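**Q** Pasting a structure below so you can have a look.
In the authors' numbering, the protein residues as written are 128 to 255.
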């Protein structure tokens, strides 16, 4: 019963400026689909992937899980072009294939199998 909510809340954030990486307060998780369009040419666009230990706090304590991150970033590469993303950031998907629980070799192979339609999902580890 009753219709109690706040239907219309209005907190307008003024910012119609083109977003450039100004970093002070909190880096948003821009799930940036970095796509490599392989078409007659198969070049590393500038993003690279890493396999490393991500330390998380579980009920078992501080544990490390294998996670896919960025390994190297080349200036001119789409991941660098976004600016919001750094080598520290985490990888989630390749095209439409999740990389979680998969080997690095497998992730690299997958992105080559699907290089012409390669879209990589990365998520900022620049948390605050």
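Where a beta carbon is used, it is the ideal one built from N, C-alpha and C, also for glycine.
Would you mind giving the Cβ-Cβ distance between residue 248 and residue 207, rounded to the nearest angstrom? I have them listed as a contact below 8 angstroms.
**A** Actually they are not in contact, since the Cβ atoms of residue 248 and residue 207 sit about 17 angstroms apart, beyond 8 angstroms.
**Q** Tell me residue 185's beta-bridge partners as DSSP assigns them.
**A** 188
**Q** Over what stretch of residues does the beta strand (DSSP E) that includes residue 220 continue unbroken?
**A** 217 to 221
**Q** Buried or exposed: residue 197, going by 16 or more other Cβ atoms within 10 Å of its Cβ?
**A** Burial of residue 197 is indicated by the presence of at least 16 other C-beta atoms within 10 angstroms of its C-beta.
**Q** Roughly how many angstroms lie between the CA atoms of residue 195 and residue 246, to the nearest whole one?
**A** 15 angstroms
**Q** Quick one: residues in its chain with C-beta nearer than 7 angstroms to the C-beta of residue 183, no 5 flanking neighbours on either side, listed in chain order?
**A** 190 and 192
**Q** I'd like the span of the alpha helix (DSSP H) that includes residue 209, first residue to last.
**A** 205 to 209
**Q** Is residue 236 helix, strand or coil by DSSP?
**A** Judged by DSSP in its simplified three-state form, residue 236 adopts helix.
**Q** Would a C-beta distance cut-off of 9 angstroms place residue 201 and residue 173 closer than the cut-off?
**A** yes
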